Amino acid sequence: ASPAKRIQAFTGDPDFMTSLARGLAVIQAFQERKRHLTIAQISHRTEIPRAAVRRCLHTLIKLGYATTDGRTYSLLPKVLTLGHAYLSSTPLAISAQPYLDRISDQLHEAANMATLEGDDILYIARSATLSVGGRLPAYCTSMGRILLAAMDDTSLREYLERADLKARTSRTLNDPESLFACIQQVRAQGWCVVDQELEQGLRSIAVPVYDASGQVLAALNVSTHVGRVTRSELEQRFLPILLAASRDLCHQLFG
Amino acid sequence: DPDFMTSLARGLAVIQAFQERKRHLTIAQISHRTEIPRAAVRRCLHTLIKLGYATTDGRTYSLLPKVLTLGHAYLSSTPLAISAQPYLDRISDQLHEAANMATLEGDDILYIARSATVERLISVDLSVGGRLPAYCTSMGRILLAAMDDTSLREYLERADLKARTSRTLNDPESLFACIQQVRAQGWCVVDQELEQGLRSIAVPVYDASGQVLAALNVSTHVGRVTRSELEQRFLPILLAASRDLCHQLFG
Ligand SMILES: [Cl-]
Ligand SMILES: [Cl-]
Ligand SMILES: [Cl-]
């Protein structure tokens, strides 16, 4: 369950660097921790013993990833360059941006691209009018139902009964049966509109990003407010634009 | 150093080896670029794969999107980066040009926050987490101006001073005199020394101690704003935002 339990699950593998896993887990311990963190606080978050956590922080400090006053610790901007290593080496992310920017300019709305990681979607590219590297739940987002629809029937049920299908609004689908029917309908449309299931006033439309082999690599969407655009404009104007841009992107990376 | 975790340093350096390599990498390439022995690289990659940070097909390796969340841990736990976004956004919304915030990382500046305005640097596509040389960017001249004279001269005697354009200052003497004027000015304009058509003005961000933490800038196209307007109009807005961000963070 905990980050430590994940690390110690490989303790029988001789090629698994426990201290590198712990160090990466220490970086993750700062997620959404607006203030700075002590050793004890990080050791409670991750269940990593304080001695290891201190040595991880000490190591990150000497490498320029972190700083301290002796009591609290905070990450340094150099950590951002780690995410850049993924961006500047991933052609999908690089080639999506001009499409994301043009979509945003035509419609005056935010446009995004996410992949699936576990039970969440991970925003890998944005074009704003909440952040690259940020996560949202898959079951109640447009881009997530796209990527849940790409799953085979086996992996989808394993997700549904294992995910926290918490109800966020009056309209959020929160049970596996309702969601599976929803996914079956996304599967048949090849697009997805979610209306105010993540938070009120928010309504978005997503389409899949394919490779030349047919696999869904990712999803593309547009984020709108319910008061400005209607479901009619979403499906009759936004959808053809998103599909045109998605096929252009597919053809550009993979012929 | 007994508290230094070598495999953690190597793993992070393995990640960094993928910068600007849009092609899957071998053990051999990563070892050559980082000087890390091949066996240690192998184990580092194996650990990254098991943790979901990287993937392989048996021969080559590439990073997975989960690496992006590492940077998100910095952005969502640092007041400097959280509080600067509203300032950057209202600046770009007032002047209709891009606004940015950067710090000094080694010899480069590091972009840690951007406004929503699209500014397509043709020479290098710029994202959050990307770097630019300090000697020829507005924000870089600010953060170099914060160096003492000794550290500055050490930088100038080793840095790569490529003449990006015909206007780029690319010799240590000119940069030195240019930095010294940035010191006394409190701001810096770079006119098309990084790329043609690009011109920016930058100011420093201080802490309560008076130390330069970062720089704010406005990135403009030369066909949208005259040099007078960068300094008559864009400049005072940058100081006000900087001093407000400083007060909001340190009082
Ligand atoms: Cl090692
Ligand atoms: Cl030129
Ligand atoms: Cl001019």
# chains A, B, ... in the order shown; residues from 1 in each chain; ligands from 1
>>> residues_near_ligand(ligand="ligand 2", cutoff="12 Å", atoms="only C-alpha atoms and all ligand atoms", output="list in words")
residues 123, 163, 164, 165, 166, 167, 168, 192, 193, 194, 195, 196, 197 and 198 of chain B
>>> select_by_dssp(residues="range 52-235 of chain A", states="alpha helix (DSSP H)", output="MDAnalysis selection string")
chainID A and resid 52:62 78:87 91:107 142:149 153:162 176:189 231:233
>>> closest_atom_pairs(of="chain A", to="ligand 1", cutoff="12 Å", atoms="only C-alpha atoms and all ligand atoms", output="Markdown table")
| residue | atom | partner | partner_atom_place_in_ligand_line | distance |
| --- | --- | --- | --- | --- |
| A:14 | CA | ligand 1 | 1 (Cl) | 11.5 |
| A:15 | CA | ligand 1 | 1 (Cl) | 9.3 |
| A:16 | CA | ligand 1 | 1 (Cl) | 9.7 |
| A:17 | CA | ligand 1 | 1 (Cl) | 7.2 |
| A:18 | CA | ligand 1 | 1 (Cl) | 10.1 |
| A:19 | CA | ligand 1 | 1 (Cl) | 9.2 |
| A:20 | CA | ligand 1 | 1 (Cl) | 8.5 |
| A:21 | CA | ligand 1 | 1 (Cl) | 11.7 |
>>> write_last_selection(atoms="C-alpha atoms", output="mmCIF file, in the first residue's frame")
data_model
loop_
_atom_site.group_PDB
_atom_site.id
_atom_site.type_symbol
_atom_site.label_atom_id
_atom_site.label_comp_id
_atom_site.auth_asym_id
_atom_site.auth_seq_id
_atom_site.Cartn_x
_atom_site.Cartn_y
_atom_site.Cartn_z
ATOM 1 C CA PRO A 14 19.106 -7.960 -6.726
ATOM 2 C CA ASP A 15 18.964 -5.353 -9.517
ATOM 3 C CA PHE A 16 16.356 -3.168 -7.767
ATOM 4 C CA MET A 17 17.966 -0.042 -6.247
ATOM 5 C CA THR A 18 16.119 0.412 -2.955
ATOM 6 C CA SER A 19 17.821 3.755 -2.299
ATOM 7 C CA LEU A 20 16.913 5.077 -5.744
ATOM 8 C CA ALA A 21 13.306 3.953 -5.224
#
>>> residues_around(residues="range 202-209 of chain A", least_positions_apart="6", cutoff="7 Å", atoms="only C-alpha atoms", output="list in words")
residues 142, 143, 146, 190, 191, 192, 193, 194, 195, 196, 216, 217, 218, 219, 220, 221, 222, 223, 224, 225, 226, 234, 242, 243, 246 and 250 of chain A
>>> residues_around(residues="residue 107 in chain B", least_positions_apart="5", cutoff="9 Å", atoms="only C-alpha atoms", output="PyMOL selection string")
chain B and resi 132-135+140+155+159
>>> closest_residue(among="B:60, B:180, B:29, B:78", to="chain A", atoms="only C-alpha atoms")
B:78
>>> residues_around(residues="residue 106 in chain B", least_positions_apart="2", cutoff="10 Å", atoms="only C-alpha atoms", output="PyMOL selection string")
(chain A and resi 64+78) or (chain B and resi 103-104+108-110+133-134+155)
>>> residues_around(residues="residue 10 in chain B", least_positions_apart="2", cutoff="12 Å", atoms="only C-alpha atoms", output="PyMOL selection string")
(chain A and resi 17+19-21+23-24+59-60+63) or (chain B and resi 4-8+12-17+30-31+34-45+47-48)
>>> write_last_selection(atoms="C-alpha atoms", output="PDB file, in the first residue's frame")
ATOM      1  CA  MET A  17      17.966  -0.042  -6.247  1.00  0.00           C
ATOM      2  CA  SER A  19      17.821   3.755  -2.299  1.00  0.00           C
ATOM      3  CA  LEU A  20      16.913   5.077  -5.744  1.00  0.00           C
ATOM      4  CA  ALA A  21      13.306   3.953  -5.224  1.00  0.00           C
ATOM      5  CA  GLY A  23      14.837   8.803  -3.177  1.00  0.00           C
ATOM      6  CA  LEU A  24      12.177   9.007  -5.870  1.00  0.00           C
ATOM      7  CA  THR A  59      21.850  13.148  -1.259  1.00  0.00           C
ATOM      8  CA  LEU A  60      19.322  15.320  -3.102  1.00  0.00           C
ATOM      9  CA  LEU A  63      22.994  17.170  -6.187  1.00  0.00           C
TER      10      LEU A  63
ATOM     11  CA  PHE B   4      25.602   9.896  -0.137  1.00  0.00           C
ATOM     12  CA  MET B   5      23.366   7.394  -1.956  1.00  0.00           C
ATOM     13  CA  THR B   6      25.236   6.649  -5.169  1.00  0.00           C
ATOM     14  CA  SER B   7      22.490   4.627  -6.875  1.00  0.00           C
ATOM     15  CA  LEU B   8      20.055   7.488  -6.245  1.00  0.00           C
ATOM     16  CA  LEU B  12      18.508  10.652 -11.423  1.00  0.00           C
ATOM     17  CA  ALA B  13      21.425  11.175 -13.813  1.00  0.00           C
ATOM     18  CA  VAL B  14      20.096   8.298 -15.935  1.00  0.00           C
ATOM     19  CA  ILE B  15      16.821  10.232 -16.217  1.00  0.00           C
ATOM     20  CA  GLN B  16      18.704  13.398 -17.192  1.00  0.00           C
ATOM     21  CA  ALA B  17      20.485  11.474 -19.957  1.00  0.00           C
ATOM     22  CA  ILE B  30      23.477   6.484 -21.506  1.00  0.00           C
ATOM     23  CA  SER B  31      26.764   5.237 -20.058  1.00  0.00           C
ATOM     24  CA  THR B  34      26.824  10.229 -18.077  1.00  0.00           C
ATOM     25  CA  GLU B  35      30.103   8.290 -17.464  1.00  0.00           C
ATOM     26  CA  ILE B  36      28.083   5.900 -15.230  1.00  0.00           C
ATOM     27  CA  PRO B  37      29.330   2.287 -15.558  1.00  0.00           C
ATOM     28  CA  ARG B  38      27.140   0.094 -17.748  1.00  0.00           C
ATOM     29  CA  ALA B  39      26.192  -2.366 -15.002  1.00  0.00           C
ATOM     30  CA  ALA B  40      24.978   0.444 -12.735  1.00  0.00           C
ATOM     31  CA  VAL B  41      23.021   2.025 -15.605  1.00  0.00           C
ATOM     32  CA  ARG B  42      21.383  -1.363 -16.236  1.00  0.00           C
ATOM     33  CA  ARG B  43      20.284  -1.625 -12.599  1.00  0.00           C
ATOM     34  CA  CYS B  44      19.093   1.996 -12.501  1.00  0.00           C
ATOM     35  CA  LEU B  45      16.950   1.525 -15.611  1.00  0.00           C
ATOM     36  CA  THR B  47      14.540   0.048 -11.056  1.00  0.00           C
ATOM     37  CA  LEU B  48      12.952   2.866 -13.063  1.00  0.00           C
TER      38      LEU B  48
END
